[PDB]
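Just so you know, the protein sequences line up as chains A and B, in that order.
Residues 2 to 21, 26 to 137 (PDB author numbering) are what the first sequence spells out, left to right.
Residues 2 to 21, 26 to 137 (PDB author numbering) are what the second sequence spells out, left to right.
Don't be surprised by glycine CBs; every beta carbon is placed ideally from N, CA and C.
2 protein chains.
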Amino acid sequence: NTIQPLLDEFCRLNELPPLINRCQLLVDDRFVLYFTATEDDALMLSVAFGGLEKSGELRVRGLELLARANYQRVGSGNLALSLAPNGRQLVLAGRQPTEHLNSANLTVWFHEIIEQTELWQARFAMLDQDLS
Amino acid sequence: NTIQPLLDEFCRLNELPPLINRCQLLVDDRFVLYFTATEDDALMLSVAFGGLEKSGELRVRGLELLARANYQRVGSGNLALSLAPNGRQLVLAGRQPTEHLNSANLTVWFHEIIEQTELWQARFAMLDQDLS
Numbered sequence: 002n003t004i005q006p007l008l009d010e011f012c013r014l015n016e017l018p019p020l021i026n027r028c029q030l031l032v033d034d035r036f037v038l039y040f041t042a043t044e045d046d047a048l049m050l051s052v053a054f055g056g057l058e059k060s061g062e063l064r065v066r067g068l069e070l071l072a073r074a075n076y077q078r079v080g081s082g083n084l085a086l087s088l089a090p091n092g093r094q095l096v097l098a099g100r101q102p103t104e105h106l107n108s109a110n111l112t113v114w115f116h117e118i119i120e121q122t123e124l125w126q127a128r129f130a131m132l133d134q135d136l137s
Numbered sequence: 002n003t004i005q006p007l008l009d010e011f012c013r014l015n016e017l018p019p020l021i026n027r028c029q030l031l032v033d034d035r036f037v038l039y040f041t042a043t044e045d046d047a048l049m050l051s052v053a054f055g056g057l058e059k060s061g062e063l064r065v066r067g068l069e070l071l072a073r074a075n076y077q078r079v080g081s082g083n084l085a086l087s088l089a090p091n092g093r094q095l096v097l098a099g100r101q102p103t104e105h106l107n108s109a110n111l112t113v114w115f116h117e118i119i120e121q122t123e124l125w126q127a128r129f130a131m132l133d134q135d136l137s
């Protein structure tokens with residue numbers, strides 16, 4: 002119904018600190038996942054996993070990867086890759102109506118986005134892994 | 002397919018042809038809207054509304070607009086912009102499980118993707134409107 006009871010049950014089941026506007030939770034000592042209650046009865050999950058180079062070929066390479074990655078399916082909730090307004094931060098986010106959410110599949114969705122984060126962080130970091 | 006009756010009721014509700026994998030519907034004599042049954046028991050709407058310049062600074066400006074577009078909510082939240090595998094076509098597309106899809110909310114969605122299509126077509130075309 003409302004997000005707070007579902008988040009409490011979610012936090013209980015997976016053993017996570019309490020959650021509050027929006028709230029955040031640190032995951033695996035590595036990512037900050039944000040939990041936002043939209044206006045139209047949906048819960049958004051968003052995570053910043055990296056950054057785009059400021060300029061040059063490396064920016065363009067990351068930009069071409071960004072643009073194409075959203076064509077295939079990224080995850081549940083219409084998970085999508087994007088760039089924050091500062092032009093630098095790489096973000097994975099999606100939202101789902103709270104009406105169809107309960108603790109179990111909120112838990113599968115949490116594990117899906119963490120999984121996809123790690124894969125995308127890896128892929129973007131591998132653009133600049135060559136040493137001369 | 003299991004969702005053919007819903008589509009046929011959605012069409013017939015909206016004065017539209019019946020629909021065939027995937028179906029294509031020509032909308033307002035301007036857009037070819039695709040309906041796809043995904044392998045996730047989901048319905049995917051997709052529309053190609055334009056294309057990125059093949060190369061040069063106008064391509065990069067299109068890529069920058071592409072990467073930022075998906076940070077905001079597009080429509081409700083179940084729509085994202087992407088570049089097609091061919092690297093040219095700009096695509097608006099979103100997924101939703103058939104589970105709760107009814108003819109009513111498939112109508113609100115179908116009007117939303119067409120509306121967002123018109124918005125983003127205009128925005129990308131405004132990248133190249135100055136004449137010297």
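Counting only beta-carbon separations shorter than 8 angstroms, does residue i have a partner in chain B?
i: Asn26 (chain A); result: no
i: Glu120 (chain A); result: no
i: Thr43 (chain A); result: yes
i: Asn91 (chain A); result: no
i: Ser60 (chain A); result: no
i: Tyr39 (chain A); result: no
Compute the distance between the beta-carbons of residue i and residue j, then report whether it is under 8 angstroms.
i: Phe54 (chain B); j: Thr103 (chain B); result: no
i: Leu48 (chain A); j: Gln101 (chain A); result: yes
i: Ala98 (chain B); j: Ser51 (chain B); result: yes
i: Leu8 (chain B); j: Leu31 (chain B); result: no
i: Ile118 (chain B); j: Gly80 (chain B); result: yes
i: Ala72 (chain A); j: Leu63 (chain B); result: no
i: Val113 (chain A); j: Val65 (chain B); result: no
i: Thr3 (chain A); j: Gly82 (chain B); result: no
By Cβ distance below 7 angstroms, which residues in the same chain neighbour residue i in space, the five residues on each side in sequence not counted?
i: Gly67 (chain A); result: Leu57, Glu58, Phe129 and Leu132
i: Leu106 (chain A); result: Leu7 and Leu48
i: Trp125 (chain A); result: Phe54, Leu86 and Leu97
Determine, using beta carbons only, whether residue i comes closer than 8 angstroms to chain A.
i: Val113 (chain B); result: no
i: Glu10 (chain B); result: no
i: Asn110 (chain B); result: no
Spatial neighbours of residue i within its chain, please: C-beta separation below 6 angstroms, excluding the five flanking residues on both sides.
i: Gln29 (chain A); result: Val37 and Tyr39
i: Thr41 (chain B); result: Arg27 and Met49
i: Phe11 (chain A); result: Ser108 and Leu111
Under 8 angstroms Cβ to Cβ from residue i, same chain only, skipping five residues before and after it: list those, please.
i: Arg93 (chain B); result: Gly56, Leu57 and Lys59
i: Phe115 (chain B); result: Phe11, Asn15, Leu38 and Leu50
Under the assumption that residue i contacts residue j (Cβ atoms under 8 angstroms), give the Cβ distance between them as a whole number of angstroms.
i: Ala74 (chain B); j: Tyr76 (chain A); result: Not really, about 13 angstroms apart at Cβ, beyond 8 angstroms.
i: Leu14 (chain B); j: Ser108 (chain B); result: 5 angstroms
With 16 other CB atoms within 10 Å as the buried threshold, where does residue i fall?
i: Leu136 (chain A); result: exposed
i: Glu69 (chain B); result: buried
Quick one: is residue i near chain D, going by C-beta distance under 8 angstroms?
i: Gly82 (chain B); result: The structure shown contains no chain D; the protein chains it does contain are A and B.
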